[PDB]
Amino acid sequence: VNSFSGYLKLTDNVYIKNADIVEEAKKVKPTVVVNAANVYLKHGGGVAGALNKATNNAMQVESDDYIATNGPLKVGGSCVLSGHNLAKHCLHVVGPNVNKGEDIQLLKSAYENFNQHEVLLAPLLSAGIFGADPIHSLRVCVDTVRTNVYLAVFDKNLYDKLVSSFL
Ligand SMILES: O=C(N[C@@H]1c2cccc(O)c2C[C@@H]1C(=O)O)c1ccc(Nn2ccnc2)cc1
């Protein structure tokens, strides 16, 4: 038993809720919150800009040092950094960005990063301003992630559609 509240059970291990992921993180203080990152860890908008704003830009400062030392991530890759005031850790995961013309197939590789963590609070990878179909992202999530994932979906109308169309 954990502290996530009001989630809907989709499968044995995947749960979903209409909520702002930053607000969920503040309340639950999960061990791991997932960021919808890009390879440069430039957190300007969407989930990434949201999480970074809530950290008062500390996430961006830490990320800039990470990139200066290690260089960019790979599309489909990830790194673990601090969760600051939101979580113990932030797993920065890079899903493909269709609006950048990136390869849709890398979405499964991106979700495989979640399997390294027993429990995560996460967004749907490649959705929103990354350009992919959220219904597809949810399908790849359920078919790839074996650990316990609590998905926060910002948009109410999208949430309702994700639940109603889930196979
Ligand atoms: O971009 C966000 N989310 C994504 C989104 C939005 C629309 C359609 C989608 O498919 C997706 C995928 C993901 C989701 O499902 O939420 C987001 C932005 C700000 C925020 N917090 N915030 C607001 C103002 N200041 C801070 C929280 C989330």
# chains A, B, ... in the order shown; residues from 1 in each chain; ligands from 1
>>> residues_around(residues="residue 143 in chain A", least_positions_apart="2", cutoff="12 Å", atoms="only C-alpha atoms", output="PyMOL selection string")
chain A and resi 10-14+107-109+111-112+115+136-141+145-147+167
>>> write_last_selection(atoms="N, CA and C atoms", output="PDB file, in the first residue's frame")
ATOM      1  N   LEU A  10      -6.047   0.533 -14.442  1.00  0.00           N
ATOM      2  CA  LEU A  10      -6.152   0.079 -15.831  1.00  0.00           C
ATOM      3  C   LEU A  10      -5.707  -1.377 -15.998  1.00  0.00           C
ATOM      4  N   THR A  11      -4.613  -1.786 -15.340  1.00  0.00           N
ATOM      5  CA  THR A  11      -4.058  -3.137 -15.443  1.00  0.00           C
ATOM      6  C   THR A  11      -3.527  -3.524 -14.073  1.00  0.00           C
ATOM      7  N   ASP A  12      -2.870  -4.688 -14.011  1.00  0.00           N
ATOM      8  CA  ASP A  12      -2.250  -5.122 -12.768  1.00  0.00           C
ATOM      9  C   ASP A  12      -1.348  -4.041 -12.202  1.00  0.00           C
ATOM     10  N   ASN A  13      -0.597  -3.354 -13.071  1.00  0.00           N
ATOM     11  CA  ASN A  13       0.482  -2.465 -12.609  1.00  0.00           C
ATOM     12  C   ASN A  13       0.363  -1.013 -13.058  1.00  0.00           C
ATOM     13  N   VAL A  14      -0.610  -0.666 -13.900  1.00  0.00           N
ATOM     14  CA  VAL A  14      -0.742   0.688 -14.427  1.00  0.00           C
ATOM     15  C   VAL A  14      -2.029   1.310 -13.936  1.00  0.00           C
ATOM     16  N   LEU A 107       9.640   4.986 -28.789  1.00  0.00           N
ATOM     17  CA  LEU A 107       8.802   5.143 -27.611  1.00  0.00           C
ATOM     18  C   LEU A 107       8.906   3.934 -26.687  1.00  0.00           C
ATOM     19  N   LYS A 108       8.963   2.719 -27.243  1.00  0.00           N
ATOM     20  CA  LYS A 108       9.079   1.544 -26.380  1.00  0.00           C
ATOM     21  C   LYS A 108      10.391   1.577 -25.601  1.00  0.00           C
ATOM     22  N   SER A 109      11.491   1.920 -26.271  1.00  0.00           N
ATOM     23  CA  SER A 109      12.773   2.044 -25.582  1.00  0.00           C
ATOM     24  C   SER A 109      12.693   3.069 -24.461  1.00  0.00           C
ATOM     25  N   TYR A 111      10.032   3.929 -22.671  1.00  0.00           N
ATOM     26  CA  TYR A 111       9.304   3.343 -21.546  1.00  0.00           C
ATOM     27  C   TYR A 111      10.094   2.264 -20.812  1.00  0.00           C
ATOM     28  N   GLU A 112      11.011   1.567 -21.487  1.00  0.00           N
ATOM     29  CA  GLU A 112      11.792   0.535 -20.804  1.00  0.00           C
ATOM     30  C   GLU A 112      12.581   1.112 -19.631  1.00  0.00           C
ATOM     31  N   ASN A 115      11.281   0.464 -16.088  1.00  0.00           N
ATOM     32  CA  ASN A 115      11.428  -0.852 -15.458  1.00  0.00           C
ATOM     33  C   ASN A 115      12.576  -0.900 -14.464  1.00  0.00           C
ATOM     34  N   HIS A 136      -1.912   5.843 -28.230  1.00  0.00           N
ATOM     35  CA  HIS A 136      -0.787   4.985 -28.573  1.00  0.00           C
ATOM     36  C   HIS A 136       0.234   4.943 -27.443  1.00  0.00           C
ATOM     37  N   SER A 137       0.563   6.103 -26.872  1.00  0.00           N
ATOM     38  CA  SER A 137       1.517   6.129 -25.770  1.00  0.00           C
ATOM     39  C   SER A 137       1.050   5.283 -24.595  1.00  0.00           C
ATOM     40  N   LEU A 138      -0.241   5.363 -24.251  1.00  0.00           N
ATOM     41  CA  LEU A 138      -0.758   4.561 -23.147  1.00  0.00           C
ATOM     42  C   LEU A 138      -0.645   3.072 -23.468  1.00  0.00           C
ATOM     43  N   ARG A 139      -0.916   2.693 -24.719  1.00  0.00           N
ATOM     44  CA  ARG A 139      -0.810   1.291 -25.122  1.00  0.00           C
ATOM     45  C   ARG A 139       0.630   0.794 -24.981  1.00  0.00           C
ATOM     46  N   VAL A 140       1.592   1.567 -25.492  1.00  0.00           N
ATOM     47  CA  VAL A 140       2.997   1.183 -25.345  1.00  0.00           C
ATOM     48  C   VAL A 140       3.376   1.102 -23.870  1.00  0.00           C
ATOM     49  N   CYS A 141       2.909   2.050 -23.053  1.00  0.00           N
ATOM     50  CA  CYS A 141       3.200   2.008 -21.621  1.00  0.00           C
ATOM     51  C   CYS A 141       2.741   0.690 -21.008  1.00  0.00           C
ATOM     52  N   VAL A 145       5.927  -1.411 -19.615  1.00  0.00           N
ATOM     53  CA  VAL A 145       6.284  -1.197 -18.224  1.00  0.00           C
ATOM     54  C   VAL A 145       5.702  -2.325 -17.389  1.00  0.00           C
ATOM     55  N   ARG A 146       6.556  -2.944 -16.577  1.00  0.00           N
ATOM     56  CA  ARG A 146       6.183  -4.022 -15.680  1.00  0.00           C
ATOM     57  C   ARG A 146       6.176  -3.598 -14.224  1.00  0.00           C
ATOM     58  N   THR A 147       6.818  -2.481 -13.898  1.00  0.00           N
ATOM     59  CA  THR A 147       6.815  -1.931 -12.555  1.00  0.00           C
ATOM     60  C   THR A 147       5.547  -1.099 -12.367  1.00  0.00           C
ATOM     61  N   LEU A 167      -8.153  -0.533 -24.212  1.00  0.00           N
ATOM     62  CA  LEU A 167      -8.505  -1.913 -24.504  1.00  0.00           C
ATOM     63  C   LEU A 167      -7.936  -2.822 -23.416  1.00  0.00           C
TER      64      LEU A 167
END
>>> residues_near_ligand(ligand="ligand 1", cutoff="6 Å", atoms="only C-alpha atoms and all ligand atoms", output="list in words")
residues 20, 21, 46, 47, 50, 123, 124, 127, 128, 134, 153, 154 and 155 of chain A
>>> residues_around(residues="residue 35 in chain A", least_positions_apart="5", cutoff="9 Å", atoms="only C-alpha atoms", output="MDAnalysis selection string")
chainID A and resid 47:48 51 90:94 122:123 125
>>> atom_distance(atom1="CA of residue 73 in chain A", atom2="CA of residue 17 in chain A")
28.8 Å
>>> atom_distance(atom1="CA of residue 131 in chain A", atom2="CA of residue 98 in chain A")
5.0 Å
>>> residues_around(residues="residue 118 in chain A", least_positions_apart="4", cutoff="10 Å", atoms="only C-alpha atoms", output="NGL selection string")
:A and (31-32 or 114 or 146-149)
>>> decode(residues="range 4-18 of chain A", atoms="N, CA and C atoms", output="PDB file, in the first residue's frame")
ATOM      1  N   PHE A   4      -0.554   7.198  -3.240  1.00  0.00           N
ATOM      2  CA  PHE A   4      -1.261   7.712  -4.408  1.00  0.00           C
ATOM      3  C   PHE A   4      -2.763   7.563  -4.183  1.00  0.00           C
ATOM      4  N   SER A   5      -3.523   8.632  -4.425  1.00  0.00           N
ATOM      5  CA  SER A   5      -4.944   8.677  -4.088  1.00  0.00           C
ATOM      6  C   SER A   5      -5.791   8.956  -5.325  1.00  0.00           C
ATOM      7  N   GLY A   6      -6.927   8.255  -5.423  1.00  0.00           N
ATOM      8  CA  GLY A   6      -7.902   8.481  -6.478  1.00  0.00           C
ATOM      9  C   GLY A   6      -7.478   8.072  -7.867  1.00  0.00           C
ATOM     10  N   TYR A   7      -6.453   7.232  -7.996  1.00  0.00           N
ATOM     11  CA  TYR A   7      -6.113   6.692  -9.307  1.00  0.00           C
ATOM     12  C   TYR A   7      -7.094   5.593  -9.735  1.00  0.00           C
ATOM     13  N   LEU A   8      -7.240   5.466 -11.053  1.00  0.00           N
ATOM     14  CA  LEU A   8      -8.063   4.451 -11.691  1.00  0.00           C
ATOM     15  C   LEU A   8      -7.169   3.291 -12.093  1.00  0.00           C
ATOM     16  N   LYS A   9      -7.609   2.054 -11.798  1.00  0.00           N
ATOM     17  CA  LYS A   9      -6.852   0.844 -12.148  1.00  0.00           C
ATOM     18  C   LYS A   9      -7.082   0.465 -13.603  1.00  0.00           C
ATOM     19  N   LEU A  10      -6.047   0.533 -14.442  1.00  0.00           N
ATOM     20  CA  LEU A  10      -6.152   0.079 -15.831  1.00  0.00           C
ATOM     21  C   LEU A  10      -5.707  -1.377 -15.998  1.00  0.00           C
ATOM     22  N   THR A  11      -4.613  -1.786 -15.340  1.00  0.00           N
ATOM     23  CA  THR A  11      -4.058  -3.137 -15.443  1.00  0.00           C
ATOM     24  C   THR A  11      -3.527  -3.524 -14.073  1.00  0.00           C
ATOM     25  N   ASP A  12      -2.870  -4.688 -14.011  1.00  0.00           N
ATOM     26  CA  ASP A  12      -2.250  -5.122 -12.768  1.00  0.00           C
ATOM     27  C   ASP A  12      -1.348  -4.041 -12.202  1.00  0.00           C
ATOM     28  N   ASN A  13      -0.597  -3.354 -13.071  1.00  0.00           N
ATOM     29  CA  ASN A  13       0.482  -2.465 -12.609  1.00  0.00           C
ATOM     30  C   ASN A  13       0.363  -1.013 -13.058  1.00  0.00           C
ATOM     31  N   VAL A  14      -0.610  -0.666 -13.900  1.00  0.00           N
ATOM     32  CA  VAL A  14      -0.742   0.688 -14.427  1.00  0.00           C
ATOM     33  C   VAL A  14      -2.029   1.310 -13.936  1.00  0.00           C
ATOM     34  N   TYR A  15      -1.884   2.518 -13.357  1.00  0.00           N
ATOM     35  CA  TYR A  15      -2.935   3.335 -12.755  1.00  0.00           C
ATOM     36  C   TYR A  15      -2.913   4.720 -13.397  1.00  0.00           C
ATOM     37  N   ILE A  16      -4.069   5.395 -13.426  1.00  0.00           N
ATOM     38  CA  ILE A  16      -4.182   6.650 -14.173  1.00  0.00           C
ATOM     39  C   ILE A  16      -5.119   7.609 -13.473  1.00  0.00           C
ATOM     40  N   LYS A  17      -4.815   8.926 -13.582  1.00  0.00           N
ATOM     41  CA  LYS A  17      -5.585   9.980 -12.905  1.00  0.00           C
ATOM     42  C   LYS A  17      -5.517  11.277 -13.705  1.00  0.00           C
ATOM     43  N   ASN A  18      -6.623  12.033 -13.714  1.00  0.00           N
ATOM     44  CA  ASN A  18      -6.661  13.374 -14.307  1.00  0.00           C
ATOM     45  C   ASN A  18      -6.086  14.331 -13.262  1.00  0.00           C
TER      46      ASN A  18
END
